[PDB]
Amino acid sequence: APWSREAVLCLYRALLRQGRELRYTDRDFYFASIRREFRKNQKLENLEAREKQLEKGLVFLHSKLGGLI
Amino acid sequence: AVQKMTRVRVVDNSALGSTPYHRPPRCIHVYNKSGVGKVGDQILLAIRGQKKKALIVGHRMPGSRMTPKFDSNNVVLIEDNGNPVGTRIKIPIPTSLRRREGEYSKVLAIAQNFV
Amino acid sequence: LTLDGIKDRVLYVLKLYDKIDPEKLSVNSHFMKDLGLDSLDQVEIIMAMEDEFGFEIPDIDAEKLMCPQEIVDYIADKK
Amino acid sequence: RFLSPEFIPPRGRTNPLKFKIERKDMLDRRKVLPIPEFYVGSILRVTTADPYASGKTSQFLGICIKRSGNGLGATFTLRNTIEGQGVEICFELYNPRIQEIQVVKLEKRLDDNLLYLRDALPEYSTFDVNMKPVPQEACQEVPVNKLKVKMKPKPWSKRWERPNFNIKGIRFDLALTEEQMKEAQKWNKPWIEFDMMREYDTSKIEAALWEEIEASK
Amino acid sequence: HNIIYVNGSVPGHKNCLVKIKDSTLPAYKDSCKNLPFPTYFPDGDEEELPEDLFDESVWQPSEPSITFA
Amino acid sequence: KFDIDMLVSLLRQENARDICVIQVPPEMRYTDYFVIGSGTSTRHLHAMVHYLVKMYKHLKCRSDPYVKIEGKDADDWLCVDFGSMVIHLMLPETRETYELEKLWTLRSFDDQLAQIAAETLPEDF
RNA sequence: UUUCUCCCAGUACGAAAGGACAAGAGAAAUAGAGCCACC
């Protein structure tokens, strides 16, 4: 489904790493929330829609967890 | 701005506001010592035959210098408990509401668009 | 590197994940058919395996592993 | 020789000494903050310190629609449509909280006041906030945009059709018949064009101001 | 030019003579203690005053643009 | 002084189940940090809200004035506006419904933004 | 000129529940007297 599923694994791995790098927030919920986010959206998508979802995640990945602090 | 009558645009996702209705949403009361209602002033709006408090976020009345004059009157619905009726606000909302006296953090949190 | 050590550790990390049912958690346990694993399951299983052994596994061949022994071989030859 | 509007004093009983003192402060401030030359219709981006925010500046881009005030209190208004909302902000030239002034596009419009643009179509008033500055020619007059904007239905803020307004940038023909213009022309007051009691000349004052401003430099 | 800058409005038209005296409000009961008690005498010329006198809060022109930091 | 790190540690001490903190870039003219907090019950929400304000007043902030508490009347959403951070405290279930974190984390991509709808307001005649 | 909020202070007081003063600050409102830098 995705343009490249390798990004999904790499993207998900980075999100988990950011959770361990996130101090002010509660580490507990973030891990669960990210897992829920991946399950709800990525499982069923179209190529064009999937591109937006992964693209926003890449910016989310590359922007200090998209402002999460 | 919004005052007695003064049909306003309901900038909210509240069910009553979101649902189209044949009569425009007007105001019945201004929750201020003065009779004039401006941005940040609570009002008693009317929606779908119901009376719901609304918070003014924009007005067409000429304002002070260095401020943007809105071309439409925009309001945000607020519940009796003080929480906003709607979970999101679409029109850009001025950030001066934070410094304005009153409880505006809830509405600002619900307002993603800030100008 | 110890091939036996990787196999038990690879099996151990597979056992750690709770969602998958280790009814038959053999060294040749298949994912699509033996365990009925969806795309989400295989992704997460690689994540657990990746964390233990220093990740650096790309999904280009990870989805092709389809069993713990195959990744054991992939882990063994990449270290 | 471009003499900025604020320097020109208006007719009245105000003391000339006030203008002399005001001009000196204006010249002193101009050194700290450079005020670029611009006219109504030019698109400008101005950087100003944000009071609500802490240590954060903001830049707003819009077409200049009106110039008002004189001296240190002179202000300029620029208009733009943001998120589909027409917004006009009045900026005081000499306010200490204006960090920088950038003229993204220096140009002039058919009319000296662009209040009718509110009655015009949104596209004529829409401008990209992030649009980069375009090149300008120093030894030339500012480009004059002669495009005639199209109006919205007849109900307007003001009766632009009336001869007194004399708006030359409106496509009246499309929305107004020639008979309607004649009805508007009933308020011509032709003697007003020939009446010398309503004339105020600042040419001599403008010329005198030029040397004084240059001398301070 | 012997020009005093006073907050607020003053009744009358421009160029109209006015009478100025020290504030009689209770709060400013004794302000003449730190001011010239009889008056300021330029004849003495103990120390020449600056041409323009500013209040501390007042922002003088030619100062750096005020940033709300 | 009262800063971001102290408050969140105080939030942990009073056992805040879920805390969200979003920084704001200089371009956006809002508070530098936006904070969202979860609390099991309205009694817990009242207790934690009071604790942070009491610590804030005690922890220097002399230059800053006292901070009024907003939303105490509501049993599901309490928000306190501090000098450098705003903490929005709510129940866990209320947290998902509002999804304040999505609004700030996804500045323009938040799902609830699309949920807003438009209307028409014709005259009677 | 009048009202409201804050501060004083969750203090004084009180077993607790609960909860002040005075002094100070900020908001408005109206009345009176004015003013045109801006709108």
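Our structure's up above, just so we're on the same page.
As a convention, residue numbering begins from 1 on each chain and follows the written sequence, not necessarily the numbering found in the entry; residues with no coordinates do not appear. Following the order in which they are written, the chains are lettered starting with A and the ligands numbered starting with 1. All values in this entry refer to the displayed chains, which constitute part of a larger assembly. By convention in this description, side-chain values take in all heavy atoms of the structure and omit both hydrogens and water.

*Asks:* What is the right way to look at the protein's contact with RNA strand G in this model?
*Replies:* Summary of the distance rule: residues count as near a molecule or strand when at least one heavy atom falls within 4 Å of that molecule or strand. In the vicinity of RNA strand G lie 16 residues, with B:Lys33, B:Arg65, E:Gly12, F:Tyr66 and F:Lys68 positioned nearest. Contact between RNA strand G and B:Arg65: a sugar or linking oxygen at 2.4 Å from a side-chain N or O atom of the residue. Throughout this description, a polar contact denotes any pair of N or O atoms lying within 3.5 Å of each other; where both atoms belong to protein, one of them has to be capable of donating a hydrogen while the other can accept it, and for residues adjacent in sequence the pair is counted only when both atoms sit in side chains. In the environment of RNA strand G, a phosphate oxygen lies 3.4 Å from a nitrogen or oxygen atom belonging to the side chain of D:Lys66.

*Asks:* Would you mind going over helix α1 (residues 16–32) of chain D with me for this structure?
*Replies:* Since the α-helix advances by 3.6 residues per turn, residues separated by three or four positions end up pointing in the same direction. Residues and elements named next belong to chain D. Over its 17 residues, α1 extends 25 Å from the first C-alpha to the last, a length consistent with the 24 Å expected when each residue adds 1.5 Å. Of all the residues in α1, the buried ones are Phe-19, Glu-22, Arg-23, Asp-25, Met-26, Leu-27, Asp-28 and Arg-29. Throughout, a contact is declared for two residues whenever any of their heavy atoms are within 4.5 Å. Counting from the N terminus, the helices are DSSP H or I runs at least four residues long and the strands are E runs at least two residues long. Residues of α1 that are buried sit in contact with β5 (98–105) and α6 (203–216). Here, expected helix span is obtained from the residue count minus one, scaled by 1.5 Å. For the exposure calls, accessible area comes from a 1.4 Å probe over protein chains only, and a residue counts as buried if that area is under 20% of its type's maximum, exposed if over 50%, partly exposed in between.

*Asks:* What is the right way to look at the interface of chain E and chain D in this model?
*Replies:* Many authors give the size of an interface as the accessible area that is lost as the parts come together. Each partner contributes to the interface: chain E provides 15 residues, whereas chain D provides 21 residues. Two parts placed together each lose some accessible area; with a 1.4 Å probe, that loss summed over both constitutes the buried area. Taken together, the two surfaces of chain E and chain D that pack against each other cover about 1300 Å², and 61% of this comes from carbon and sulfur. Note on definitions: salt bridges are taken to be side-chain nitrogens of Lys or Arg within 4 Å of carboxyl oxygens of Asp or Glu. Counting the contacts that link chain E with chain D gives 1 salt bridge. A salt bridge links D:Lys24 to E:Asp52, with the shortest nitrogen-to-oxygen separation between them at 3.8 Å. Counting across the interface, chain E meets chain D through 6 residue pairs in polar contact.

*Asks:* Just checking my understanding: could you explain a positive patch on the surface for this structure?
*Replies:* In this analysis, a patch consists of residues with relative accessible area above 30% that form no salt bridge, clustered at 9 Å for like charges and at 5 Å for the nonpolar side chains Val, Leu, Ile, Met, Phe, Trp and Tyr. Areas reported here follow the Shrake-Rupley algorithm with a probe of radius 1.4 Å; residue values treat only the protein chains shown as occluding. Charge counting treats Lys and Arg as positive and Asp and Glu as negative, with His and both chain ends excluded. All charge positions are set by atom: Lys at NZ, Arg at CZ, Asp at CG, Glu at CD. Taken together, the side chains of B:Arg7, B:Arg26, B:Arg60 and D:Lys152 present a region of like positive charge at the surface. Relative accessible area serves as the criterion here: at 37%, D:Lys152 is assigned to the partly exposed category.

*Asks:* Honestly, the sheet that holds strand β4 (residues 85–92) of chain D in this entry has me stumped. Any pointers?
*Replies:* Where strands meet in a sheet, backbone hydrogen bonds hold them as pairs that are either parallel or antiparallel. Residues and elements named next belong to chain D. Each pair of strands is called paired provided DSSP finds at least two bridges between the two strands. As summarised here, the arrangement of the 5 strands in space is β4-β3-β2-β1-β5, forming an open sheet in which the pairing is antiparallel. Each edge of the open sheet carries a strand with a single partner, namely β4 and β5. The average undirected angle you get between the axes of adjacent strands in this sheet is 40°. Sheet topology note: the strand β3 (residues 75–82)/β4 ladder contains 8 bridges and is antiparallel. Bridging across to β4, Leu-78 finds its partner in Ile-89. The convention used is that axes are lines fitted to C-alpha atoms, helices contributing only their stretch in contact, and that angles between N-to-C directions extend from 0 to 180 degrees.

*Asks:* For this particular structure, what's the right way to read the nonpolar core?
*Replies:* Across soluble globular proteins, nonpolar side chains have a tendency to be buried as a group. Each nonpolar core is a collection of buried residues, namely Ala, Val, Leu, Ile, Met, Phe, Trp, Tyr and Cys, held together in the definition by side-chain atoms within 4.5 Å. Counting residues in hydrophobic clusters, the biggest one holds 81 residues, and the most contacted among them are B:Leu45, B:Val75 and F:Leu100. Per-element accounting of this core gives the leading share, 6 residues, to helix α1 (residues 5–20) of chain A. Apart from the residues within four sequence positions on either side, B:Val75 is in contact with B:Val2, B:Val8, B:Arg9, B:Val10, B:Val11, B:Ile43, B:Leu45, B:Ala54, B:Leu55, B:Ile56 and B:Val57. Formed by 50 residues, the second largest nonpolar core is a distinct cluster that contains D:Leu114, D:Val142, D:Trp160 and D:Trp210.

*Asks:* How should the interface of chain B and chain F be read in this particular structure?
*Replies:* At the junction of the two partners, chain B supplies 36 residues and chain F supplies 37 residues. Buried area between chain B and chain F, both sides added, is near 2800 Å², and the carbon and sulfur share of it is 53%. The three residues of chain B that bury the most area against chain F are B:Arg88, B:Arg98 and B:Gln112, which together make up 24% of that side's buried surface. Remark: the boundary between chain B and chain F carries 3 salt bridges. A salt bridge links F:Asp124 to B:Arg23; the nearest nitrogen and oxygen atoms lie 3.1 Å apart. If you list the elements that add at least two residues to the side of chain B that touches chain F, you get α1 (15–18) and α2 (105–110) of chain B. With 5 residues, α2(B) is the single largest residue contributor to the side of chain B that touches chain F.

*Asks:* What am I meant to see in the sheet that holds strand β1 (residues 9–10) of chain B here?
*Replies:* Residue and element names in this part refer to chain B. Strands sit in the order β1-β5-β4-β3-β2 across an open sheet of 5 strands; the sheet is mixed. Unpaired on one side and paired on the other, β1 and β2 (27–31) mark the two borders of the sheet. In terms of strand pairing, strand β4 (residues 50–58) meets strand β5 (residues 74–77) through 4 bridges, oriented antiparallel. Bridge pairing in β5 places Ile-56 opposite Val-75.

*Asks:* Before we go on, may I ask you to explain the packing of α1(A) against helix α3 (residues 47–62) of chain A in this structure?
*Replies:* Describing two packed helices takes the angle between their axes plus the distance from one axis to the other. Residues and elements named next belong to chain A. It is at 10 Å that the axes of α1 and α3 come closest, and there the two elements cross at 35°. Between α1 and α3 lies a crossing of left-handed hand. Along the contact surface, α1 presents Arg-5, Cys-10, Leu-11, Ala-14 and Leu-15, while α3 presents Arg-50, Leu-54, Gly-57, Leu-58, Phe-60 and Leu-61. Taken together, the residues of the contact of α1 with α3 sort by class into 8 nonpolar, 1 polar and 2 charged. Here a crossing is taken to be left-handed if its near helix is turned anticlockwise relative to the far helix by less than a right angle, and right-handed if that turn runs clockwise. Polar here means any residue outside two lists: the nonpolar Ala, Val, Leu, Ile, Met, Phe, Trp, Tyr, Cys and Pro, and the charged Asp, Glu, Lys and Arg; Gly therefore counts as polar.

*Asks:* Explain the pattern of salt bridges to me, please; I cannot follow it from the model alone.
*Replies:* A side chain of one charge can pair with a side chain of the opposite charge if their charged atoms are brought near each other. Going through the model one piece at a time under the given rule, you end up with 33 salt bridges over all chains. With a shortest N-O distance of 2.7 Å, D:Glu22 and D:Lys18 are connected by a salt bridge. Here D:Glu22 pairs with D:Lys18, and both are found in helix α1, just 4 residues apart, close to one helical turn. Its relative accessible area of 36% is what places D:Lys18 among the partly exposed residues. Where F:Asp18 meets F:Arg95, a salt bridge forms, and the shortest distance between an N and an O atom there is 3.0 Å. Here the residue F:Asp18 occupies a position in the loop between α1 (4–13) and β1 (19–23), and F:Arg95 occupies one in helix α3 (residues 92–98), the gap between them amounting to 77 residues. With relative accessibility at 13%, the residue F:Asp18 sits in the buried group. Overall, the relative accessible area of 2% leaves F:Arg95 in the buried class.

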